[PDB]
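Data file: upload.txt. Format and content: compact mmCIF, C-alpha atoms.
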# COMPACT_ATOMS: atom_id res chain seq x y z
CA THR A 1 32.49 -60.65 42.49
CA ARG A 2 31.90 -59.06 45.93
CA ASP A 3 34.63 -56.38 46.24
CA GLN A 4 32.91 -53.00 46.08
CA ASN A 5 35.99 -51.03 47.16
CA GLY A 6 36.70 -47.91 45.17
CA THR A 7 35.69 -44.41 44.21
CA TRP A 8 32.57 -44.59 42.03
CA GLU A 9 31.20 -41.82 39.81
CA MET A 10 27.54 -42.14 38.88
CA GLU A 11 27.20 -42.87 35.16
CA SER A 12 23.48 -43.49 34.69
CA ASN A 13 20.40 -42.82 36.83
CA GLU A 14 16.95 -43.92 35.68
CA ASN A 15 13.54 -43.46 37.35
CA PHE A 16 15.15 -41.39 40.08
CA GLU A 17 12.03 -39.22 40.22
CA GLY A 18 9.65 -42.20 40.48
CA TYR A 19 11.54 -43.46 43.54
CA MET A 20 11.61 -40.04 45.20
CA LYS A 21 7.88 -39.60 44.59
CA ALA A 22 7.26 -42.95 46.33
CA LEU A 23 9.18 -41.55 49.31
CA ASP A 24 7.04 -38.33 49.19
CA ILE A 25 9.92 -35.93 48.41
CA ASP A 26 8.44 -32.61 47.35
CA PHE A 27 8.64 -31.42 43.76
CA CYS A 28 11.26 -28.78 44.54
CA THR A 29 13.59 -31.09 46.43
CA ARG A 30 13.34 -33.57 43.53
CA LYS A 31 14.18 -30.87 40.99
CA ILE A 32 17.31 -30.03 43.01
CA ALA A 33 18.13 -33.73 43.45
CA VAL A 34 18.02 -34.63 39.76
CA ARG A 35 20.53 -31.83 39.13
CA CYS A 36 23.15 -33.38 41.44
CA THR A 37 26.02 -35.62 40.46
CA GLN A 38 27.01 -38.36 42.89
CA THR A 39 30.30 -39.87 43.90
CA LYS A 40 30.38 -42.91 46.18
CA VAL A 41 33.52 -43.85 48.05
CA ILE A 42 33.26 -47.38 49.40
CA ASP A 43 35.74 -48.81 51.89
CA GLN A 44 35.10 -52.52 52.25
CA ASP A 45 36.90 -54.86 54.65
CA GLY A 46 35.22 -58.26 54.50
CA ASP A 47 31.65 -57.67 55.66
CA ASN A 48 32.45 -54.23 57.09
CA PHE A 49 31.45 -51.29 54.88
CA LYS A 50 32.14 -47.56 54.98
CA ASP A 51 29.95 -45.93 52.29
CA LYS A 52 30.36 -42.18 51.76
CA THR A 53 28.15 -40.61 49.06
CA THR A 54 28.71 -37.04 47.81
CA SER A 55 25.94 -35.14 45.97
CA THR A 56 27.03 -31.99 44.15
CA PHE A 57 24.49 -29.50 42.80
CA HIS A 58 25.23 -28.23 39.29
CA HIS A 59 23.11 -25.24 38.30
CA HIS A 60 23.46 -23.44 35.00
CA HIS A 61 24.30 -19.83 35.82
CA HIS A 62 26.58 -20.91 38.64
CA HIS A 63 28.20 -17.48 37.86
CA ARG A 64 25.29 -15.34 36.71
CA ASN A 65 25.91 -11.66 36.07
CA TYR A 66 23.52 -8.70 36.30
CA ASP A 67 24.71 -5.35 34.95
CA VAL A 68 22.96 -2.03 35.52
CA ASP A 69 24.25 1.36 34.36
CA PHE A 70 22.48 4.50 35.60
CA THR A 71 23.08 8.17 36.26
CA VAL A 72 21.75 10.00 39.31
CA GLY A 73 18.58 11.87 38.49
CA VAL A 74 18.08 10.24 35.08
CA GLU A 75 15.14 7.87 34.91
CA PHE A 76 15.99 4.62 33.15
CA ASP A 77 14.13 1.46 32.27
CA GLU A 78 15.28 -1.48 34.41
CA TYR A 79 14.46 -5.12 33.66
CA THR A 80 14.93 -6.95 36.95
CA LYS A 81 16.33 -10.12 35.54
CA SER A 82 18.09 -12.08 38.33
CA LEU A 83 14.96 -11.41 40.40
CA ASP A 84 11.43 -11.21 39.04
CA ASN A 85 12.00 -10.15 35.40
CA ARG A 86 9.67 -7.16 35.61
CA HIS A 87 10.01 -3.80 33.89
CA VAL A 88 10.27 -0.82 36.22
CA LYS A 89 11.13 2.80 35.60
CA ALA A 90 13.92 3.55 38.06
CA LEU A 91 15.23 6.89 39.35
CA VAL A 92 18.25 7.21 41.61
CA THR A 93 18.92 10.29 43.74
CA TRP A 94 21.14 11.23 46.65
CA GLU A 95 19.58 11.76 50.08
CA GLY A 96 22.60 12.94 51.99
CA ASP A 97 25.28 10.35 51.35
CA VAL A 98 22.63 7.65 50.79
CA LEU A 99 21.94 6.52 47.23
CA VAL A 100 18.16 6.03 47.01
CA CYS A 101 16.24 4.47 44.14
CA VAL A 102 12.52 4.25 43.36
CA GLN A 103 11.40 1.53 40.96
CA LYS A 104 8.01 2.67 39.71
CA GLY A 105 5.95 -0.17 38.31
CA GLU A 106 3.51 -2.97 39.11
CA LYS A 107 4.81 -3.26 42.67
CA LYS A 108 4.00 -0.51 45.13
CA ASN A 109 6.66 0.88 47.46
CA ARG A 110 9.44 -0.83 45.51
CA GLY A 111 12.96 0.60 45.69
CA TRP A 112 16.33 0.40 47.36
CA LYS A 113 18.89 2.32 49.41
CA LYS A 114 22.64 1.95 49.15
CA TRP A 115 25.27 3.55 51.35
CA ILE A 116 28.79 3.23 52.79
CA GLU A 117 29.71 2.92 56.47
CA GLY A 118 33.31 2.17 57.31
CA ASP A 119 34.65 -0.56 55.03
CA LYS A 120 31.19 -1.84 54.11
CA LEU A 121 28.48 -1.16 51.53
CA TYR A 122 24.94 -1.42 52.90
CA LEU A 123 21.99 -2.23 50.65
CA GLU A 124 18.34 -2.44 51.68
CA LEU A 125 15.85 -3.59 49.04
CA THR A 126 12.19 -2.78 49.61
CA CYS A 127 8.97 -4.14 48.17
CA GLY A 128 5.80 -3.32 50.06
CA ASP A 129 6.39 -4.06 53.75
CA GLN A 130 9.33 -6.45 53.07
CA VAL A 131 12.89 -5.15 53.59
CA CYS A 132 15.94 -7.22 52.74
CA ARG A 133 19.24 -6.01 54.17
CA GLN A 134 22.54 -7.00 52.57
CA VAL A 135 26.05 -6.09 53.66
CA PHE A 136 29.16 -6.19 51.48
CA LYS A 137 32.82 -6.01 52.52
CA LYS A 138 35.34 -4.04 50.50
CA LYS A 139 37.88 -6.21 48.67
CA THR B 1 31.13 9.02 52.10
CA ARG B 2 29.69 8.81 48.61
CA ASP B 3 32.47 6.83 46.91
CA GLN B 4 31.13 3.36 46.19
CA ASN B 5 33.96 2.35 43.88
CA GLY B 6 35.31 -1.08 44.61
CA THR B 7 34.79 -4.80 44.56
CA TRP B 8 32.36 -5.78 47.31
CA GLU B 9 31.91 -9.31 48.67
CA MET B 10 28.57 -10.06 50.30
CA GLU B 11 28.84 -10.71 54.00
CA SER B 12 25.23 -11.01 55.16
CA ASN B 13 21.77 -11.26 53.68
CA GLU B 14 18.72 -10.85 55.90
CA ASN B 15 15.05 -11.51 54.97
CA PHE B 16 16.09 -12.23 51.38
CA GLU B 17 13.29 -14.82 51.24
CA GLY B 18 10.74 -12.35 52.58
CA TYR B 19 11.74 -9.87 49.90
CA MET B 20 11.57 -12.47 47.09
CA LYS B 21 8.10 -13.56 48.15
CA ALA B 22 6.94 -9.96 47.93
CA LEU B 23 8.21 -10.04 44.34
CA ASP B 24 6.21 -13.28 43.64
CA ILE B 25 9.34 -15.29 42.94
CA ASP B 26 8.37 -18.95 42.99
CA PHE B 27 9.23 -21.17 45.95
CA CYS B 28 11.73 -23.37 44.22
CA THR B 29 13.57 -20.41 42.72
CA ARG B 30 13.70 -18.84 46.20
CA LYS B 31 15.11 -22.04 47.69
CA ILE B 32 18.08 -21.98 45.29
CA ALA B 33 18.63 -18.21 45.32
CA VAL B 34 19.02 -18.17 49.10
CA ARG B 35 22.05 -20.48 48.65
CA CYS B 36 23.93 -17.83 46.63
CA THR B 37 26.44 -15.18 47.61
CA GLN B 38 27.18 -12.23 45.35
CA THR B 39 30.07 -10.01 44.44
CA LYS B 40 29.36 -6.44 43.37
CA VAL B 41 31.84 -4.47 41.28
CA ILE B 42 30.98 -0.77 41.33
CA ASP B 43 32.73 1.65 38.99
CA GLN B 44 31.59 5.13 40.01
CA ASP B 45 32.51 8.18 37.95
CA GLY B 46 30.88 11.23 39.56
CA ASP B 47 27.14 10.45 39.59
CA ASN B 48 27.39 7.79 36.88
CA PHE B 49 27.38 4.19 38.14
CA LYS B 50 28.20 0.84 36.52
CA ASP B 51 27.14 -1.99 38.88
CA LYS B 52 28.11 -5.54 37.88
CA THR B 53 26.75 -8.08 40.37
CA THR B 54 27.73 -11.77 40.14
CA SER B 55 25.77 -14.52 41.91
CA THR B 56 27.65 -17.74 42.79
CA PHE B 57 26.70 -20.60 45.10
CA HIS B 58 28.08 -20.76 48.63
CA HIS B 59 30.80 -23.28 49.31
CA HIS B 60 29.18 -25.37 52.06
CA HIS B 61 26.22 -25.69 49.66
CA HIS B 62 28.53 -26.98 46.90
CA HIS B 63 28.06 -30.58 48.08
CA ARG B 64 26.27 -32.61 50.75
CA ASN B 65 27.83 -35.82 52.13
CA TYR B 66 25.92 -38.86 53.44
CA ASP B 67 27.95 -41.36 55.51
CA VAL B 68 26.84 -44.93 56.28
CA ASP B 69 28.88 -47.55 58.14
CA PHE B 70 27.47 -51.03 58.44
CA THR B 71 28.33 -54.69 58.90
CA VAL B 72 26.64 -57.43 56.90
CA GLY B 73 23.97 -59.18 58.99
CA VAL B 74 23.91 -56.62 61.83
CA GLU B 75 20.79 -54.44 61.87
CA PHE B 76 21.50 -50.71 62.17
CA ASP B 77 19.55 -47.47 62.49
CA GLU B 78 19.55 -45.24 59.40
CA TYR B 79 18.33 -41.64 59.14
CA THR B 80 18.11 -40.86 55.41
CA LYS B 81 19.24 -37.21 55.52
CA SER B 82 19.99 -37.23 51.78
CA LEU B 83 16.43 -38.29 50.83
CA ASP B 84 13.25 -38.24 52.93
CA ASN B 85 14.56 -37.71 56.50
CA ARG B 86 12.94 -40.86 57.82
CA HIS B 87 14.10 -43.40 60.38
CA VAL B 88 14.41 -46.97 59.17
CA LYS B 89 15.95 -50.17 60.58
CA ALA B 90 18.42 -51.40 57.96
CA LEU B 91 19.72 -54.95 57.45
CA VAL B 92 22.21 -55.91 54.76
CA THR B 93 22.68 -59.51 53.64
CA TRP B 94 24.46 -61.27 50.80
CA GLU B 95 22.29 -63.01 48.21
CA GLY B 96 24.90 -64.56 45.97
CA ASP B 97 27.26 -61.72 45.12
CA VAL B 98 24.49 -59.13 45.59
CA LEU B 99 24.54 -56.88 48.65
CA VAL B 100 20.85 -56.71 49.53
CA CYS B 101 19.38 -54.34 52.09
CA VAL B 102 15.96 -54.05 53.66
CA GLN B 103 15.02 -50.75 55.32
CA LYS B 104 12.16 -51.51 57.73
CA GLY B 105 9.99 -48.52 58.59
CA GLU B 106 7.01 -46.48 57.43
CA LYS B 107 7.55 -47.35 53.77
CA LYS B 108 6.79 -50.83 52.49
CA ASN B 109 9.24 -52.61 50.17
CA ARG B 110 11.96 -50.09 51.01
CA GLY B 111 15.48 -51.37 50.38
CA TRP B 112 18.26 -51.54 47.88
CA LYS B 113 20.51 -53.89 45.95
CA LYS B 114 24.18 -53.37 44.99
CA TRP B 115 26.34 -55.59 42.85
CA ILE B 116 29.39 -55.57 40.58
CA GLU B 117 29.08 -56.21 36.84
CA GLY B 118 32.22 -55.63 34.79
CA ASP B 119 34.05 -52.63 36.24
CA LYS B 120 30.71 -51.12 37.14
CA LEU B 121 28.72 -50.80 40.34
CA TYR B 122 24.98 -51.32 39.95
CA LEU B 123 22.55 -49.93 42.52
CA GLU B 124 18.80 -50.52 42.52
CA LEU B 125 16.75 -48.57 45.05
CA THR B 126 13.22 -49.81 45.69
CA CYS B 127 10.22 -48.34 47.43
CA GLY B 128 6.92 -50.08 46.73
CA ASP B 129 6.61 -50.53 42.98
CA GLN B 130 9.18 -47.82 42.14
CA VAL B 131 12.69 -48.97 41.22
CA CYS B 132 15.53 -46.55 40.58
CA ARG B 133 18.41 -48.08 38.64
CA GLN B 134 21.84 -46.49 38.98
CA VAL B 135 25.20 -47.40 37.46
CA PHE B 136 28.57 -46.20 38.77
CA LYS B 137 31.93 -46.17 36.99
CA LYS B 138 35.12 -46.70 38.96
CA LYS B 139 37.27 -43.56 39.29
Before anything else, please render the file you have as structure tokens.
Amino acid sequence: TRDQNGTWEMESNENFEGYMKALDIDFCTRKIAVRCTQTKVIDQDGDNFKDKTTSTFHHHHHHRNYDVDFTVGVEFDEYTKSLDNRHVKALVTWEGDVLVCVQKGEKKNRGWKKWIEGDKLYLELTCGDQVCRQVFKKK
Amino acid sequence: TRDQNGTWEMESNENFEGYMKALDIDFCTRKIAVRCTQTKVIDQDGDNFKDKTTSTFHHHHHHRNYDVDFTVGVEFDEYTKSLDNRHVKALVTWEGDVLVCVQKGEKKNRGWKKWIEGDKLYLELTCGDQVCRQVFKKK
């Protein structure tokens, strides 16, 4: 038969990494590719083809949670799962209306600052000379 | 203000990759983490804080689509966004009931074969001596 019309869900996929290596895809892109499911929607009219393929990434911990409880001024041990899984000794204090934390440990100049402005929560995470700024909106 | 109580949806995330490198997070982990948004639920009771942060994947990163329109026997230009981002000249012919394609370009023996067997779509992708065999079920 020649009629390839339909919606097709991938059922089996073998030597997908061998083929991608032959095309020089890097290790990381392959590791993301083999975690994708594929749907193919084929519209065929004689010898005219419309082939639409959808790759969906499926990562475990698609909804990962990280919980930290602390009191201002009370040093606590933090295990930075969700990031680098290191042990730091963390201490949170107020500097004005800015919540400031120092994470003493292997990394020097590691810590963060958290504050409110308007309807938004600002967070800046520091490690050495690298600052990451994140902004959150109130729901 | 000091009141950080609320549910906070991430709106922006700047130099997150720079920060993760400073923490020695590996490249592939960084590449996936930068695709995530997070919701932060802060329950603040004086100077005691419970911070539950949830990481989920963005929505535009939930799936990539790759669209190909072609007519049997009419060479067409393909840019393989979903794989190796190369330019090939593609030509599809029938060989029996098998839709056979040759992708002329940098890679030798690059092409694919598609055919129906039962209610199943078979796809074999070749590059050199590497063959990827895929089977699709009709949805």
What would the list of residues within 8 Å of (26.3, -36.8, 40.0) (file frame) look like as a ChimeraX atom specification, if only C-alpha atoms are what count?
-> /A:9-11,35-39,55-56
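With only C-alpha atoms as the atoms that count, the minimum distance from chain B to the choices A:123, A:91, A:133, A:73 is reached by A:133.
The two identical-sequence chains, chain A and chain B, differ by a C-alpha RMSD of 3.5 Å after optimal least-squares superposition.
For the pair CA of residue 53 (chain B) and CA of residue 71 (chain A), the separation is 17.2 Å.
For the atom pair formed by CA of residue 127 (chain A) and CA of residue 23 (chain B), the distance is 7.1 Å, given to one decimal.
With all atoms listed in the file as the atoms that count, the residue of B:90, B:83, B:125, B:98 with the shortest distance to residue 25 (chain A) is B:83.
With all atoms listed in the file as the basis for measurement, B:119 is the residue among B:119, B:75, B:67, B:26 that approaches residue 135 (chain B) most closely.
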Between B:41, B:88, B:68, B:100, smallest distance to chain A by only C-alpha atoms belongs to B:68
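The nearest approach to chain A among the residues B:60, B:31, B:69, B:113, with all atoms listed in the file taken into account, belongs to B:69.
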Can you list, as a ChimeraX atom specification, every protein, DNA or RNA residue that comes within 10 Å of residue 118 (chain B) when you count all atoms listed in the file, leaving out same-chain residues fewer than 4 positions away?
-> /A:1 /B:122,137
Selection from above, C-alpha atoms, as a PDB file, in the coordinates of the input, can you write it?
ATOM      1  CA  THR A   1      32.490 -60.650  42.490  1.00  0.00           C
TER       2      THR A   1
ATOM      3  CA  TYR B 122      24.980 -51.320  39.950  1.00  0.00           C
ATOM      4  CA  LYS B 137      31.930 -46.170  36.990  1.00  0.00           C
TER       5      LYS B 137
END
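Residues lying within 12 Å of (28.3, -62.5, 54.1). Counted over only C-alpha atoms, they are residues 2, 3, 45, 46, 47, 48 and 49 of chain A; 71, 72, 73, 74, 91, 92, 93, 94, 95, 96, 97, 98, 99 and 100 of chain B.
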Counting all atoms listed in the file, what is within 12 Å of residue 34 (chain A), bar same-chain residues fewer than 5 positions away, as a PyMOL selection string?
-> (chain A and resi 12-20+25+27-29+55-59) or (chain B and resi 83)
Would you place a box with edges along x, y and z of the file around all atoms of region 17-20 of chain A listed there, add 8 Å to each of its six sides, and report the centre and edge lengths in Å to one decimal, as lines of an AutoDock Vina configuration file?
center_x = 10.8
center_y = -41.3
center_z = 42.7
size_x = 18.4
size_y = 20.2
size_z = 21.0
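Straight-line separation from CA of residue 61 (chain B) to CA of residue 52 (chain A): 17.1 Å.
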Pick out the closest residue to residue 43 (chain A) from this set: A:131, A:77, A:102, A:6. Count all atoms listed in the file.
-> A:6
Complete the atom set of region 37-58 of chain A to N, CA and C atoms and return it as a PDB file, in the coordinates of the input.
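Final output, part14.pdb:
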ATOM      1  N   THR A  37      25.188 -34.482  40.805  1.00  0.00           N
ATOM      2  CA  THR A  37      26.020 -35.620  40.460  1.00  0.00           C
ATOM      3  C   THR A  37      26.428 -36.310  41.763  1.00  0.00           C
ATOM      4  N   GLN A  38      26.740 -37.597  41.680  1.00  0.00           N
ATOM      5  CA  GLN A  38      27.010 -38.360  42.890  1.00  0.00           C
ATOM      6  C   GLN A  38      28.308 -39.119  42.732  1.00  0.00           C
ATOM      7  N   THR A  39      29.124 -39.046  43.764  1.00  0.00           N
ATOM      8  CA  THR A  39      30.300 -39.870  43.900  1.00  0.00           C
ATOM      9  C   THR A  39      30.128 -40.690  45.171  1.00  0.00           C
ATOM     10  N   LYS A  40      30.514 -41.954  45.091  1.00  0.00           N
ATOM     11  CA  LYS A  40      30.380 -42.910  46.180  1.00  0.00           C
ATOM     12  C   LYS A  40      31.780 -43.418  46.439  1.00  0.00           C
ATOM     13  N   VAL A  41      32.245 -43.275  47.660  1.00  0.00           N
ATOM     14  CA  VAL A  41      33.520 -43.850  48.050  1.00  0.00           C
ATOM     15  C   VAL A  41      33.224 -44.965  49.030  1.00  0.00           C
ATOM     16  N   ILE A  42      33.564 -46.182  48.633  1.00  0.00           N
ATOM     17  CA  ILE A  42      33.260 -47.380  49.400  1.00  0.00           C
ATOM     18  C   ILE A  42      34.561 -47.966  49.911  1.00  0.00           C
ATOM     19  N   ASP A  43      34.635 -48.129  51.219  1.00  0.00           N
ATOM     20  CA  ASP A  43      35.740 -48.810  51.890  1.00  0.00           C
ATOM     21  C   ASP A  43      35.184 -50.106  52.448  1.00  0.00           C
ATOM     22  N   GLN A  44      35.611 -51.220  51.871  1.00  0.00           N
ATOM     23  CA  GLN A  44      35.100 -52.520  52.250  1.00  0.00           C
ATOM     24  C   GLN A  44      36.216 -53.380  52.804  1.00  0.00           C
ATOM     25  N   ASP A  45      35.966 -53.972  53.968  1.00  0.00           N
ATOM     26  CA  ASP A  45      36.900 -54.860  54.650  1.00  0.00           C
ATOM     27  C   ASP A  45      36.074 -56.079  55.067  1.00  0.00           C
ATOM     28  N   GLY A  46      35.994 -57.073  54.189  1.00  0.00           N
ATOM     29  CA  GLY A  46      35.220 -58.260  54.500  1.00  0.00           C
ATOM     30  C   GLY A  46      33.745 -57.963  54.434  1.00  0.00           C
ATOM     31  N   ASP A  47      33.061 -58.031  55.578  1.00  0.00           N
ATOM     32  CA  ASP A  47      31.650 -57.670  55.660  1.00  0.00           C
ATOM     33  C   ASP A  47      31.464 -56.340  56.381  1.00  0.00           C
ATOM     34  N   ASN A  48      32.528 -55.565  56.529  1.00  0.00           N
ATOM     35  CA  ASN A  48      32.450 -54.230  57.090  1.00  0.00           C
ATOM     36  C   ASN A  48      32.547 -53.215  55.971  1.00  0.00           C
ATOM     37  N   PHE A  49      31.606 -52.262  55.954  1.00  0.00           N
ATOM     38  CA  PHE A  49      31.450 -51.290  54.880  1.00  0.00           C
ATOM     39  C   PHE A  49      31.476 -49.867  55.433  1.00  0.00           C
ATOM     40  N   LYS A  50      32.244 -49.001  54.782  1.00  0.00           N
ATOM     41  CA  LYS A  50      32.140 -47.560  54.980  1.00  0.00           C
ATOM     42  C   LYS A  50      31.749 -46.962  53.632  1.00  0.00           C
ATOM     43  N   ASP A  51      30.527 -46.433  53.541  1.00  0.00           N
ATOM     44  CA  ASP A  51      29.950 -45.930  52.290  1.00  0.00           C
ATOM     45  C   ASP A  51      29.686 -44.441  52.447  1.00  0.00           C
ATOM     46  N   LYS A  52      30.475 -43.630  51.750  1.00  0.00           N
ATOM     47  CA  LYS A  52      30.360 -42.180  51.760  1.00  0.00           C
ATOM     48  C   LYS A  52      29.895 -41.685  50.392  1.00  0.00           C
ATOM     49  N   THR A  53      28.692 -41.122  50.320  1.00  0.00           N
ATOM     50  CA  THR A  53      28.150 -40.610  49.060  1.00  0.00           C
ATOM     51  C   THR A  53      28.158 -39.083  49.073  1.00  0.00           C
ATOM     52  N   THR A  54      28.647 -38.487  47.983  1.00  0.00           N
ATOM     53  CA  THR A  54      28.710 -37.040  47.810  1.00  0.00           C
ATOM     54  C   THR A  54      27.814 -36.597  46.657  1.00  0.00           C
ATOM     55  N   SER A  55      26.835 -35.741  46.956  1.00  0.00           N
ATOM     56  CA  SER A  55      25.940 -35.140  45.970  1.00  0.00           C
ATOM     57  C   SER A  55      26.345 -33.693  45.735  1.00  0.00           C
ATOM     58  N   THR A  56      26.603 -33.333  44.485  1.00  0.00           N
ATOM     59  CA  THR A  56      27.030 -31.990  44.150  1.00  0.00           C
ATOM     60  C   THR A  56      26.001 -31.364  43.220  1.00  0.00           C
ATOM     61  N   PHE A  57      25.492 -30.191  43.595  1.00  0.00           N
ATOM     62  CA  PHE A  57      24.490 -29.500  42.800  1.00  0.00           C
ATOM     63  C   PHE A  57      25.177 -28.751  41.661  1.00  0.00           C
ATOM     64  N   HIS A  58      24.640 -28.876  40.456  1.00  0.00           N
ATOM     65  CA  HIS A  58      25.230 -28.230  39.290  1.00  0.00           C
ATOM     66  C   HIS A  58      24.139 -27.415  38.607  1.00  0.00           C
TER      67      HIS A  58
END
